[PDB]
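Before any questions on binding or motion, here is one chain by itself as structure tokens, the form deposited in one PDB entry.
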């Protein structure tokens, strides 16, 4: 139950769940949520809130969809902004981003803290110091930005970033990263509308795999 139940995937790792997979955790108000734990990468104990792997799922979705979450436990998903807020409210959570290109290269980025605010603050990103990684830093430029979707423009651009670059993100004017963008399968001619991490493969290359995950700092 909530009194004794795990709050995150690090609690589950500590209790001897050593294989990655879906487990029930208890959010701060006791709401149970089934989450994907990555128990393998970089020490394990990561709660995964975004996964892309094959383009099977449409990510060009509205505020409501991003708010509640969408996709499949068996594949690609967005866990949901209300859930991500709840998961990152208590304590301090480090962010890890894992990327794989179509050539087989694995790259990563790590930040020392990560929080998304509530819906009243439009799921604003509060991001701590970049730690390092082969992917470089394409998220600090998004610190302190509201989340935006095609139907709800909260960016700091005169344009509608989510529509122009075909994703959903804490867009600024407009982005350095776009991991909820179109699944464009490597090199693309269109500018900056793919699963892009510009510090690594740039604005014209869309990754094969994206995983975003958190663990207590």
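Superpose the two forms; the largest set of C-alphas matching within 1.5 Å is the rigid core. Residue numbers count along the first chain shown, from 1. Residues that one form lacks are left out of the comparison.
Omitted from view is the form deposited in another entry, to which the following refers.
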Might you check 61, 188, 51, 67 and identify the only one whose CA position changes by 2 Å or more between the shown form and the other one on rigid-core superposition? 188
Please determine whether the C-alpha atom of residue 149 is displaced by 2 Å or more between the shown form and the other one following superposition on the rigid core. no
Cα of residue 177 displaced 2 Å or more between the shown form and the other one, core superposed? yes
Explain in one word, closer or farther, how the Cα atoms of residue 188 and residue 74 are placed in the other entry relative to this form, where the distance changes by 3 Å or more. closer
Can you confirm the direction of the Cα distance change for residue 177 and residue 163 in the other entry, closer or farther than in this form, given it is 3 Å or more? closer
Upon rigid-core superposition, which contiguous segments of at least three residues exhibit Cα shifts of 2 angstroms or more between the shown form and the other one? 175 to 177, 185 to 195
